[PDB]
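This is run.csv (CSV, C-alpha atoms).
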```
chain,number,residue,atom,x,y,z
A,757,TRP,CA,0.0,0.0,0.0
A,758,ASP,CA,1.2,3.5,-0.8
A,759,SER,CA,2.9,4.9,2.3
A,760,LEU,CA,1.2,8.2,2.2
A,761,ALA,CA,-2.2,6.7,1.5
A,762,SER,CA,-1.7,4.2,4.3
A,763,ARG,CA,-0.8,7.0,6.7
A,764,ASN,CA,-3.8,9.0,5.4
A,765,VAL,CA,-6.4,6.3,6.1
A,766,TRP,CA,-9.0,8.3,8.0
A,767,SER,CA,-11.5,5.6,8.8
A,768,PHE,CA,-13.7,2.9,7.4
A,769,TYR,CA,-17.3,3.6,6.4
A,770,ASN,CA,-20.1,1.6,7.6
A,771,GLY,CA,-18.3,-0.9,5.4
A,772,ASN,CA,-15.4,0.3,3.1
A,773,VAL,CA,-12.6,3.0,3.5
A,774,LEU,CA,-11.8,6.7,3.6
A,775,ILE,CA,-8.5,8.3,2.7
A,776,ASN,CA,-7.2,12.0,2.7
A,777,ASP,CA,-5.4,12.8,-0.5
A,778,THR,CA,-4.3,16.4,-1.5
A,779,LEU,CA,-1.9,19.3,-1.1
A,780,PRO,CA,-4.6,21.4,1.0
A,781,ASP,CA,-4.3,18.6,3.6
A,782,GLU,CA,-0.8,20.0,4.1
A,783,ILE,CA,-1.9,23.7,3.6
A,784,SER,CA,-4.6,23.8,6.3
A,785,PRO,CA,-4.7,20.4,8.3
A,786,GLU,CA,-5.8,22.1,11.5
A,787,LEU,CA,-8.7,23.7,9.7
A,788,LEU,CA,-9.5,20.4,8.1
A,789,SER,CA,-9.3,18.6,11.4
A,790,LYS,CA,-12.1,20.8,12.7
A,791,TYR,CA,-14.3,19.3,10.0
A,792,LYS,CA,-13.4,15.6,10.3
A,793,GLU,CA,-16.4,14.4,12.4
A,794,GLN,CA,-18.8,16.3,10.3
A,795,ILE,CA,-17.3,14.5,7.3
A,796,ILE,CA,-16.9,11.3,9.4
A,797,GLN,CA,-20.6,11.3,10.5
A,798,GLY,CA,-21.7,12.1,7.0
A,799,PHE,CA,-19.9,9.3,5.3
A,800,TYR,CA,-21.4,6.5,7.3
A,801,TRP,CA,-24.6,8.4,6.6
A,802,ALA,CA,-24.0,8.6,2.9
A,803,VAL,CA,-22.6,5.1,2.2
A,804,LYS,CA,-25.2,3.4,4.4
A,805,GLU,CA,-27.6,4.8,1.7
A,806,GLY,CA,-27.0,5.0,-2.1
A,807,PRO,CA,-27.5,7.0,-5.4
A,808,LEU,CA,-29.1,4.1,-7.3
A,809,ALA,CA,-31.5,2.5,-4.9
A,810,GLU,CA,-30.9,4.0,-1.5
A,811,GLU,CA,-28.9,0.8,-0.7
A,812,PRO,CA,-25.5,0.4,1.0
A,813,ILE,CA,-22.2,0.6,-1.0
A,814,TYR,CA,-19.5,-2.2,-1.3
A,815,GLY,CA,-15.9,-2.4,-2.5
A,816,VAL,CA,-15.5,1.3,-2.7
A,817,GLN,CA,-12.6,3.5,-1.5
A,818,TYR,CA,-12.9,7.3,-1.5
A,819,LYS,CA,-10.1,9.9,-1.5
A,820,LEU,CA,-10.5,13.6,-0.8
A,821,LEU,CA,-8.9,15.4,-3.8
A,822,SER,CA,-10.0,19.0,-3.0
A,823,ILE,CA,-11.8,21.0,-0.4
A,824,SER,CA,-12.5,24.8,-0.7
A,825,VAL,CA,-13.3,26.5,2.5
A,826,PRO,CA,-15.3,29.9,3.0
A,827,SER,CA,-13.2,33.0,3.6
A,828,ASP,CA,-13.1,33.8,7.3
A,829,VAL,CA,-15.5,30.9,8.1
A,830,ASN,CA,-18.1,33.0,9.9
A,831,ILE,CA,-19.7,29.9,11.3
A,832,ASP,CA,-20.3,29.3,7.6
A,833,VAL,CA,-19.0,25.7,7.4
A,834,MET,CA,-21.9,24.3,9.1
A,835,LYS,CA,-22.9,20.7,9.3
A,836,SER,CA,-26.1,21.8,7.5
A,837,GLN,CA,-24.0,22.5,4.4
A,838,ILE,CA,-21.0,20.2,4.4
A,839,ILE,CA,-22.8,17.0,5.4
A,840,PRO,CA,-25.2,17.0,2.5
A,841,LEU,CA,-22.6,18.5,0.2
A,842,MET,CA,-20.2,15.6,1.0
A,843,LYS,CA,-23.1,13.1,0.5
A,844,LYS,CA,-23.9,14.6,-3.0
A,845,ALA,CA,-20.2,14.4,-4.0
A,846,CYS,CA,-20.0,10.7,-3.1
A,847,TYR,CA,-23.1,10.0,-5.2
A,848,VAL,CA,-21.7,11.9,-8.2
A,849,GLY,CA,-18.3,10.2,-7.9
A,850,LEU,CA,-19.9,6.7,-7.8
A,851,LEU,CA,-22.0,7.5,-10.9
A,852,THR,CA,-19.1,8.8,-12.8
A,853,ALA,CA,-17.0,5.9,-11.8
A,854,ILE,CA,-19.4,3.6,-13.6
A,855,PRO,CA,-21.7,2.0,-11.0
A,856,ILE,CA,-22.8,-1.6,-10.8
A,857,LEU,CA,-25.2,-3.6,-8.7
A,858,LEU,CA,-24.1,-6.5,-6.6
A,859,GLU,CA,-26.1,-9.5,-5.7
A,860,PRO,CA,-25.7,-11.8,-2.7
A,861,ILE,CA,-24.9,-15.5,-3.3
A,862,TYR,CA,-25.4,-18.6,-1.1
A,863,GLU,CA,-23.1,-21.6,-0.8
A,864,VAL,CA,-25.0,-24.6,-2.0
A,865,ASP,CA,-24.2,-27.7,-0.1
A,866,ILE,CA,-25.8,-30.7,-1.8
A,867,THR,CA,-25.6,-34.3,-0.7
A,868,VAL,CA,-26.6,-37.0,-3.3
A,869,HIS,CA,-26.0,-40.4,-4.8
A,870,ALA,CA,-23.7,-40.5,-7.7
A,871,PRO,CA,-26.2,-41.3,-10.5
A,872,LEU,CA,-28.3,-38.3,-9.4
A,873,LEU,CA,-25.4,-36.0,-10.2
A,874,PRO,CA,-26.5,-35.1,-13.8
A,875,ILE,CA,-29.9,-34.0,-12.4
A,876,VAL,CA,-28.2,-31.7,-10.0
A,877,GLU,CA,-26.1,-30.2,-12.8
A,878,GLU,CA,-29.2,-29.4,-14.8
A,879,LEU,CA,-30.9,-27.8,-11.9
A,880,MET,CA,-28.0,-25.5,-11.4
A,881,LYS,CA,-28.1,-24.6,-15.1
A,882,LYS,CA,-31.8,-23.9,-14.9
A,883,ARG,CA,-31.7,-21.7,-11.8
A,884,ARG,CA,-29.4,-19.1,-13.3
A,885,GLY,CA,-25.9,-19.2,-11.6
A,886,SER,CA,-25.4,-22.8,-12.4
A,887,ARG,CA,-22.0,-22.8,-10.5
A,888,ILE,CA,-20.6,-25.8,-8.7
A,889,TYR,CA,-17.4,-25.0,-6.8
A,890,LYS,CA,-16.5,-28.6,-6.1
A,891,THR,CA,-17.5,-32.3,-6.2
A,892,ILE,CA,-16.1,-34.6,-3.6
A,893,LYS,CA,-16.8,-38.4,-3.2
A,894,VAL,CA,-17.8,-39.0,0.3
A,895,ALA,CA,-15.3,-41.7,1.2
A,896,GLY,CA,-17.1,-44.5,3.1
A,897,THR,CA,-20.6,-43.9,1.9
A,898,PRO,CA,-22.5,-44.0,-1.5
A,899,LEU,CA,-22.7,-40.2,-1.6
A,900,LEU,CA,-21.3,-37.1,-3.1
A,901,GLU,CA,-20.6,-33.7,-1.6
A,902,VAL,CA,-21.5,-31.0,-4.1
A,903,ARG,CA,-20.6,-27.4,-3.5
A,904,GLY,CA,-22.0,-24.7,-5.6
A,905,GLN,CA,-23.1,-21.2,-5.5
A,906,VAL,CA,-26.5,-19.7,-6.2
A,907,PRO,CA,-27.9,-16.2,-6.7
A,908,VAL,CA,-30.3,-15.6,-3.8
A,909,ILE,CA,-32.8,-13.9,-6.2
A,910,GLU,CA,-33.0,-17.3,-8.1
A,911,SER,CA,-33.1,-19.3,-4.9
A,912,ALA,CA,-36.9,-19.3,-4.3
A,913,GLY,CA,-38.0,-23.0,-4.1
A,914,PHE,CA,-34.5,-24.4,-5.0
A,915,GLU,CA,-34.5,-26.9,-2.3
A,916,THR,CA,-37.8,-28.5,-3.3
A,917,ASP,CA,-36.7,-28.7,-6.9
A,918,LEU,CA,-33.8,-30.8,-5.7
A,919,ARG,CA,-35.9,-33.0,-3.4
A,920,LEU,CA,-38.5,-33.7,-6.1
A,921,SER,CA,-36.2,-34.2,-9.0
A,922,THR,CA,-34.1,-36.7,-7.0
A,923,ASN,CA,-37.1,-38.6,-5.8
A,924,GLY,CA,-36.4,-37.9,-2.1
A,925,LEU,CA,-32.7,-38.8,-2.3
A,926,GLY,CA,-30.3,-36.2,-1.1
A,927,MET,CA,-30.6,-32.8,0.3
A,928,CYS,CA,-29.5,-29.2,0.4
A,929,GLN,CA,-28.3,-26.5,2.7
A,930,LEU,CA,-27.8,-22.8,1.9
A,931,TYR,CA,-25.4,-20.9,4.1
A,932,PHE,CA,-24.2,-17.3,4.0
A,933,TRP,CA,-20.5,-17.3,4.9
A,934,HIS,CA,-18.0,-14.8,3.3
A,935,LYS,CA,-20.9,-12.5,2.4
A,936,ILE,CA,-19.7,-11.8,-1.1
A,937,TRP,CA,-21.8,-9.8,-3.5
A,938,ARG,CA,-21.0,-10.7,-7.1
A,939,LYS,CA,-21.4,-8.2,-9.9
A,940,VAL,CA,-24.8,-8.2,-11.4
A,941,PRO,CA,-24.3,-9.0,-15.2
A,942,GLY,CA,-25.6,-5.9,-17.0
A,943,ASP,CA,-24.3,-2.4,-17.0
A,944,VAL,CA,-25.6,-0.4,-14.1
A,945,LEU,CA,-26.8,2.5,-16.2
A,946,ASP,CA,-28.2,1.6,-19.6
A,947,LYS,CA,-31.8,2.4,-20.6
A,948,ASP,CA,-32.1,0.2,-23.7
A,949,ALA,CA,-31.8,-3.5,-22.6
A,950,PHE,CA,-35.0,-4.4,-20.8
A,951,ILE,CA,-38.0,-6.3,-22.2
A,952,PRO,CA,-41.6,-5.8,-21.1
A,953,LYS,CA,-43.3,-7.0,-17.9
A,954,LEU,CA,-43.6,-10.5,-16.5
A,955,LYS,CA,-40.5,-11.8,-18.4
A,956,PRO,CA,-37.5,-13.0,-16.6
A,957,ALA,CA,-34.7,-10.5,-17.4
A,958,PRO,CA,-32.4,-11.3,-20.3
A,959,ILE,CA,-28.9,-12.2,-19.1
A,960,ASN,CA,-27.0,-9.2,-20.6
A,961,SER,CA,-28.7,-6.9,-18.1
A,962,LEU,CA,-29.8,-7.9,-14.6
A,963,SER,CA,-28.4,-4.7,-13.2
A,964,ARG,CA,-30.8,-2.3,-15.1
A,965,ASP,CA,-33.9,-4.4,-14.4
A,966,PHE,CA,-32.9,-4.6,-10.7
A,967,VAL,CA,-32.6,-0.9,-10.3
A,968,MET,CA,-36.0,0.2,-11.8
A,969,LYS,CA,-38.2,-2.2,-9.7
A,970,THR,CA,-36.3,-1.0,-6.6
A,971,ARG,CA,-36.2,2.6,-7.9
A,972,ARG,CA,-40.0,2.7,-8.0
A,973,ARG,CA,-40.4,1.4,-4.5
A,974,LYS,CA,-38.1,4.2,-3.2
A,975,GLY,CA,-40.2,6.9,-5.1
B,291,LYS,CA,-45.7,-71.3,22.1
B,292,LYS,CA,-46.5,-70.0,18.6
B,293,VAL,CA,-50.0,-68.8,19.3
B,294,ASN,CA,-52.5,-67.3,21.9
B,295,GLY,CA,-54.2,-70.6,22.0
B,296,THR,CA,-57.4,-71.9,20.4
B,297,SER,CA,-59.1,-68.6,20.3
B,298,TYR,CA,-56.4,-67.3,18.0
B,299,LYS,CA,-56.1,-63.7,19.1
B,300,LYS,CA,-52.5,-62.7,19.6
B,301,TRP,CA,-49.5,-64.2,17.7
B,302,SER,CA,-45.7,-64.4,17.7
B,303,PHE,CA,-43.0,-66.1,15.6
B,304,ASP,CA,-39.4,-67.0,15.6
B,305,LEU,CA,-36.9,-65.1,13.4
B,306,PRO,CA,-36.6,-67.8,10.7
B,307,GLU,CA,-40.4,-68.0,10.5
B,308,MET,CA,-40.5,-64.3,10.0
B,309,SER,CA,-37.8,-64.3,7.4
B,310,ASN,CA,-39.5,-67.0,5.3
B,311,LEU,CA,-42.8,-65.2,5.6
B,312,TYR,CA,-41.2,-61.9,4.6
B,313,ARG,CA,-39.2,-63.3,1.7
B,314,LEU,CA,-42.3,-65.0,0.3
B,315,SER,CA,-44.4,-61.8,0.7
B,316,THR,CA,-41.9,-59.7,-1.2
B,317,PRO,CA,-43.5,-59.7,-4.7
B,318,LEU,CA,-46.8,-58.3,-3.3
B,319,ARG,CA,-45.1,-55.7,-1.0
B,320,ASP,CA,-42.7,-53.3,-2.5
B,321,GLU,CA,-42.5,-49.7,-1.3
B,322,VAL,CA,-40.0,-47.0,-1.0
B,323,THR,CA,-39.6,-47.7,2.7
B,324,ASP,CA,-37.8,-44.4,3.6
B,325,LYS,CA,-40.1,-41.6,4.8
B,326,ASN,CA,-38.2,-39.4,2.4
B,327,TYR,CA,-39.8,-40.7,-0.8
B,328,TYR,CA,-43.1,-39.3,0.2
B,329,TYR,CA,-42.0,-35.7,0.3
B,330,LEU,CA,-45.3,-34.4,-1.1
B,331,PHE,CA,-47.4,-37.5,-1.0
B,332,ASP,CA,-48.3,-37.8,2.6
B,333,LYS,CA,-51.6,-37.0,4.2
B,334,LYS,CA,-50.6,-33.6,5.5
B,335,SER,CA,-49.5,-32.4,2.1
B,336,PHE,CA,-52.7,-33.6,0.6
B,337,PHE,CA,-54.7,-31.8,3.2
B,338,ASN,CA,-52.8,-28.7,2.4
```
Rendering of file as structure tokens:
Amino acid sequence: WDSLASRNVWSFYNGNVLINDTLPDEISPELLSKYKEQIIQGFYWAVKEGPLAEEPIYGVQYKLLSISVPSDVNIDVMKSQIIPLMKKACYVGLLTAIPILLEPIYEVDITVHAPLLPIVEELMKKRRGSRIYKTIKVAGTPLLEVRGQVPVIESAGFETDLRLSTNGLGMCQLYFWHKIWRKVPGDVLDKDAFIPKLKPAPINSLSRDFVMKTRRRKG
Amino acid sequence: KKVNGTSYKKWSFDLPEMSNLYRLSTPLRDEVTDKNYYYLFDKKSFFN
């Protein structure tokens, strides 16, 4: 990590991380110190919410590049100004940095008999994510350990699909460990892609479809 | 030893007796013995 940047880590968000990064940090650090908490309070405030859907932000680092301050600060730099200003700036930055949506994914632990494997493979394909991280023969028993991953939005009913398609044989557990949000396929901000109502979204964009339905709920 | 007596209520067998009986009855009785096969075929699910 850059030695200045590492020394300039201000704090983490309600999540990611804030760094100070400009010549004015050297020019007026005392002045700037007076405004840290106002910034600090705001950032948790701003990152806890979001510019697309009022949802929290992941995997993002911010660096203060410039900060102009009112001549003779006659109690001018008030929290009423800077907190929202800072919030706005964050939002703009995210947008111009090319935003994306992230989707949570489960770890799919499936236990089956060997000849029921092909079934399982097809199920994964059908659901959407269709990802199996590993297959391990369970030494000592007529069983396989199947580890996969599955998009939570495509998880509804998944377990019963398994149970029914395998005729009662084998079983599934979904556990959230690692808490990793994978990039949602489509570009975060393109108008064109979506197709009419009641149709599962085409693969190219699941990011654009995701925002609008959430956008409407927000207002 | 085998029976209640004359009346014929109540019965009990030896192991080999049971095993012969079981083996002979196999063609007529075949089921997926595990509770698991009837995931959505039990009474409760029908009621629902």
Taking all atoms listed in the file into account, produce a table as JSON lines in which each residue of chain B with an atom at most 12 Å from an atom of chain A appears once, together with its shortest atom pair and the distance in Å to one decimal, ordered by chain and rising number.
```
{"residue": "B:322", "atom": "CA", "partner": "A:924", "partner_atom": "CA", "distance": 9.8}
{"residue": "B:323", "atom": "CA", "partner": "A:924", "partner_atom": "CA", "distance": 11.4}
{"residue": "B:324", "atom": "CA", "partner": "A:924", "partner_atom": "CA", "distance": 8.8}
{"residue": "B:325", "atom": "CA", "partner": "A:924", "partner_atom": "CA", "distance": 8.7}
{"residue": "B:326", "atom": "CA", "partner": "A:924", "partner_atom": "CA", "distance": 5.1}
{"residue": "B:327", "atom": "CA", "partner": "A:924", "partner_atom": "CA", "distance": 4.6}
{"residue": "B:328", "atom": "CA", "partner": "A:924", "partner_atom": "CA", "distance": 7.2}
{"residue": "B:329", "atom": "CA", "partner": "A:924", "partner_atom": "CA", "distance": 6.5}
{"residue": "B:330", "atom": "CA", "partner": "A:920", "partner_atom": "CA", "distance": 8.5}
{"residue": "B:331", "atom": "CA", "partner": "A:920", "partner_atom": "CA", "distance": 10.9}
```
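CA of residue 847 in chain A is found 17.3 Å from CA of residue 794 in chain A.
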Pairwise distance for CA of residue 876 in chain A and CA of residue 895 in chain A, rounded to one decimal in Å: 19.8 Å
Closest of A:831, A:839, A:821, A:927 to residue 865 in chain A - atom-to-atom distances counting all atoms listed in the file: A:927
Separation of CA of residue 881 in chain A from CA of residue 951 in chain A in Å: 22.0 Å
When you look at residue 974 in chain A with a cut-off of 12 Å (counting all atoms listed in the file), what residues show up, excluding the ones that are within fewer than 5 positions of it in the same chain? I need them as a short mmCIF file (atom, residue, chain, number, x, y, z; two decimals) with C-alpha atoms, in the frame of the given file.
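Wrote out-v5.cif, looks like this:
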```
data_model
loop_
_atom_site.label_atom_id
_atom_site.label_comp_id
_atom_site.auth_asym_id
_atom_site.auth_seq_id
_atom_site.Cartn_x
_atom_site.Cartn_y
_atom_site.Cartn_z
CA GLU A 805 -27.60 4.80 1.70
CA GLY A 806 -27.00 5.00 -2.10
CA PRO A 807 -27.50 7.00 -5.40
CA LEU A 808 -29.10 4.10 -7.30
CA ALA A 809 -31.50 2.50 -4.90
CA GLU A 810 -30.90 4.00 -1.50
CA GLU A 811 -28.90 0.80 -0.70
CA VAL A 967 -32.60 -0.90 -10.30
CA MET A 968 -36.00 0.20 -11.80
CA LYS A 969 -38.20 -2.20 -9.70
#
```
Contacts of residue 905 in chain A at 10 Å (only C-alpha atoms; same-chain gap of 6+ positions) as JSON, numbers by chain: {"A": [861, 862, 863, 864, 865, 880, 885, 886, 887, 888, 889, 890, 930, 931]}
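Non-sequential neighbours of residue 892 in chain A (distance at most 9 Å, separation of 5 or more positions within a chain, all atoms listed in the file) are residues 899, 900, 901, 902 and 903 of chain A.
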Distance query 12 Å from (-49.5, -66.4, 15.1) using all atoms listed in the file, result as a PyMOL selection string: chain B and resi 291-304+307-308+311
Residues near residue 837 in chain A, cut-off 12 Å, all atoms listed in the file, skip fewer than 2 positions along chain, as an NGL selection string: :A and (791 or 794-795 or 798 or 825-826 or 831-835 or 839-844)
Selected residue, from A:814, A:973, A:942, A:829, that lies nearest to residue 958 in chain A when counting all atoms listed in the file: A:942
Output of range 871-888 of chain A limited to N, CA, C and O atoms, as an mmCIF file, in the first residue's frame:
```cif
data_model
loop_
_atom_site.group_PDB
_atom_site.id
_atom_site.type_symbol
_atom_site.label_atom_id
_atom_site.label_comp_id
_atom_site.auth_asym_id
_atom_site.auth_seq_id
_atom_site.Cartn_x
_atom_site.Cartn_y
_atom_site.Cartn_z
ATOM 1 N N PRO A 871 -25.438 -41.352 -9.275
ATOM 2 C CA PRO A 871 -26.215 -41.295 -10.532
ATOM 3 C C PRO A 871 -27.239 -40.146 -10.588
ATOM 4 O O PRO A 871 -27.860 -39.912 -11.629
ATOM 5 N N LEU A 872 -27.410 -39.452 -9.471
ATOM 6 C CA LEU A 872 -28.316 -38.324 -9.403
ATOM 7 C C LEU A 872 -27.578 -37.023 -9.684
ATOM 8 O O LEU A 872 -28.173 -35.936 -9.706
ATOM 9 N N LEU A 873 -26.273 -37.142 -9.917
ATOM 10 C CA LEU A 873 -25.421 -36.007 -10.241
ATOM 11 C C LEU A 873 -25.859 -35.166 -11.444
ATOM 12 O O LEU A 873 -25.948 -33.949 -11.306
ATOM 13 N N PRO A 874 -26.120 -35.816 -12.593
ATOM 14 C CA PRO A 874 -26.537 -35.140 -13.811
ATOM 15 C C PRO A 874 -27.768 -34.264 -13.591
ATOM 16 O O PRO A 874 -27.886 -33.197 -14.187
ATOM 17 N N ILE A 875 -28.682 -34.759 -12.764
ATOM 18 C CA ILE A 875 -29.908 -34.049 -12.411
ATOM 19 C C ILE A 875 -29.548 -32.696 -11.781
ATOM 20 O O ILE A 875 -30.086 -31.617 -12.125
ATOM 21 N N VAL A 876 -28.665 -32.816 -10.791
ATOM 22 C CA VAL A 876 -28.201 -31.668 -10.001
ATOM 23 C C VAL A 876 -27.570 -30.632 -10.910
ATOM 24 O O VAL A 876 -27.845 -29.437 -10.741
ATOM 25 N N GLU A 877 -26.755 -31.111 -11.860
ATOM 26 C CA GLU A 877 -26.072 -30.242 -12.806
ATOM 27 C C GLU A 877 -27.106 -29.423 -13.605
ATOM 28 O O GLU A 877 -26.961 -28.219 -13.787
ATOM 29 N N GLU A 878 -28.144 -30.106 -14.058
ATOM 30 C CA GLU A 878 -29.173 -29.447 -14.840
ATOM 31 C C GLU A 878 -29.908 -28.417 -14.029
ATOM 32 O O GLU A 878 -30.237 -27.346 -14.568
ATOM 33 N N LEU A 879 -30.177 -28.745 -12.763
ATOM 34 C CA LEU A 879 -30.893 -27.828 -11.870
ATOM 35 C C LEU A 879 -30.152 -26.514 -11.731
ATOM 36 O O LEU A 879 -30.761 -25.436 -11.806
ATOM 37 N N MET A 880 -28.839 -26.638 -11.544
ATOM 38 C CA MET A 880 -27.955 -25.479 -11.389
ATOM 39 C C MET A 880 -28.051 -24.588 -12.635
ATOM 40 O O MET A 880 -28.165 -23.360 -12.531
ATOM 41 N N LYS A 881 -28.001 -25.239 -13.791
ATOM 42 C CA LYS A 881 -28.078 -24.555 -15.081
ATOM 43 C C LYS A 881 -29.371 -23.790 -15.198
ATOM 44 O O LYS A 881 -29.364 -22.650 -15.649
ATOM 45 N N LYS A 882 -30.467 -24.440 -14.791
ATOM 46 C CA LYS A 882 -31.809 -23.892 -14.905
ATOM 47 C C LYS A 882 -32.019 -22.704 -13.991
ATOM 48 O O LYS A 882 -32.717 -21.759 -14.367
ATOM 49 N N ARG A 883 -31.459 -22.781 -12.781
ATOM 50 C CA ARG A 883 -31.748 -21.736 -11.790
ATOM 51 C C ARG A 883 -31.262 -20.363 -12.273
ATOM 52 O O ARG A 883 -32.012 -19.383 -12.136
ATOM 53 N N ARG A 884 -30.039 -20.305 -12.839
ATOM 54 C CA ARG A 884 -29.384 -19.066 -13.335
ATOM 55 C C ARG A 884 -27.842 -19.105 -13.164
ATOM 56 O O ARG A 884 -27.098 -19.028 -14.133
ATOM 57 N N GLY A 885 -27.376 -19.203 -11.919
ATOM 58 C CA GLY A 885 -25.947 -19.171 -11.598
ATOM 59 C C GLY A 885 -25.251 -20.413 -12.081
ATOM 60 O O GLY A 885 -24.177 -20.333 -12.666
ATOM 61 N N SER A 886 -25.880 -21.565 -11.863
ATOM 62 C CA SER A 886 -25.382 -22.837 -12.405
ATOM 63 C C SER A 886 -23.882 -23.026 -12.120
ATOM 64 O O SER A 886 -23.126 -23.464 -12.991
ATOM 65 N N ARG A 887 -23.452 -22.685 -10.907
ATOM 66 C CA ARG A 887 -22.040 -22.806 -10.546
ATOM 67 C C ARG A 887 -21.844 -23.858 -9.449
ATOM 68 O O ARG A 887 -22.451 -23.761 -8.370
ATOM 69 N N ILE A 888 -20.964 -24.821 -9.712
ATOM 70 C CA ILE A 888 -20.559 -25.812 -8.695
ATOM 71 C C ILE A 888 -19.057 -25.680 -8.448
ATOM 72 O O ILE A 888 -18.231 -25.930 -9.315
#
```
